[PDB]
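So this first bit is one chain, no partners, the form deposited in one PDB entry, shown in C-alpha cells.
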C-alpha cells in the first residue's frame, strides 16, 4: 500500500493514461451508437479498445482509492482514511456509476462510462498548470471542445435522420441504399458538413419540411449561437491575450509619441528616445521584475532574484564577505534600471539618494566637463557609498565627489539610501567595510 500524491509527476502520467480512454469514449461512443456501420464493420477494434478502457477505469478507481489529500499542510498516508474520504463523495459515486457492468451491437448501454468528465477536466487543468505554452494549450483545448461539439451534433443529426427515415424528404440524410451515400466516409463527412454549417450559423443546408426537423434546427441553431459563439469568442480572446502585452508596450510608446508631437521636441532627442524604445524592445527587457513578482513571498522572490543575478553578485566585493540575510534583503531591495550611452549617472555636486551596482555595463569616471576618462568601471563594481553613508572625517557631507558617465548600454542596480540604512541595522561589519572603503577613497581624493 504505497500512497501516491497529486503533486507528483507519476500522478500526471496516470492523468494522461486515464484521460486517453475518457476522450476515446467521449469521441467515439456516440459515433458507434449513431452510425450503424462503425459498430458492425469494425468489431474487434472496439472490443480491444473497450477492454482497455474498462481495465483503465478499474485501475482509476484503485488509484483514486489511494490518492492522498492535504490535511493541515501535510499529506496523509492512512489507507483506511483515504478509502473513507474517497467512499464519502460524489466522485466515487460517479466512478461506480461509470463502472456498472452494462449481441455486441449496442454501445448505447455503454453510455454510463462517459461520466469521467471530471477526470478529463482534471487532466486539462493539470496540463495547463504544468506546461510551458499555456496560451497555446488553452487554444488547443477550446479547439478540442468545439470539435467535440461539432462531432456530437453530427452524430445527433445522423441519429435524427435515421429515426425519421433516410431519403424520405429533403432535410434528412439521403437514401443509404444508393451506393454514393451508402459509404461510412460519406456519412460521417456529410454529417460533419451539416454540423459545421448548423453550429457556425452559416445555414447553407437544405431547409426543414417537418415539425420535428423544424424544432431540431431551431434548438440546434440556438445551441450553436450560445455555446459555439461563446467558445469561439474565448478562442479569439486567448489569441489576442498574448498580443495584449506587446500592445500595452506599444500603447505606452504611442502615448509618449503623441506627447512629443504635441510639445514639439527636437529631432535628435526624439531619435534618441526612439533608439531607447528600439533597444528596450530588441533586448527584451520590458517585464518589470518586482511588479511581476508583486505577490510572492520574500523567500521565493529572493531565490528568483539570486538565481537571476548570480553572475553579477559573485563579482561584488560586498557579497563575498557579508551575511546571507543581508544579501537576501539587499537583492530584494535592488531595483534595476538601464541607462543610455553618454549620460551622467551622477553629477559633480548633487543630492545622493541611491547607490548603484554595475550589472553588465561599462562606465568610466569622467572629469568636470567633457569626456576625459580616469578609471573605467566594469561589471561587478559599485559606486555611491560616499553620498549614501556619511563619512565623519570628510571635507564634505551628502555631496558627491566625482562625475560618472556611462559609455555603453549599462544596467545598474539602484539601491536607495533609506533602504540601505534599514538594511544595515543589524549587519555592522559590511557597513564598516563600506565606511573604510569610502574613507580611503576620500583620503585619496583629499
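Positions refer to the first chain, counted from 1. In this text, rigid core is short for the largest set of C-alphas that superpose within 1.5 Å between two forms.
Same protein, other form: the form deposited in another entry, not shown, and the subject of what follows.
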| property | result |
| --- | --- |
| Candidates 243, 112, 170, 200 - which moves between this form and the one not shown, C-alpha at least 2 Å, core fixed | 243 |
| Core-aligned C-alpha movement of residue 370 between this form and the one not shown, 2 Å or more | yes |
| Cα displacement of residue 24 between this form and the one not shown reaching 2 Å, rigid core superposed | no |
| Residue shift check between this form and the one not shown, rigid core fit, residue 319 Cα at least 2 Å | yes |
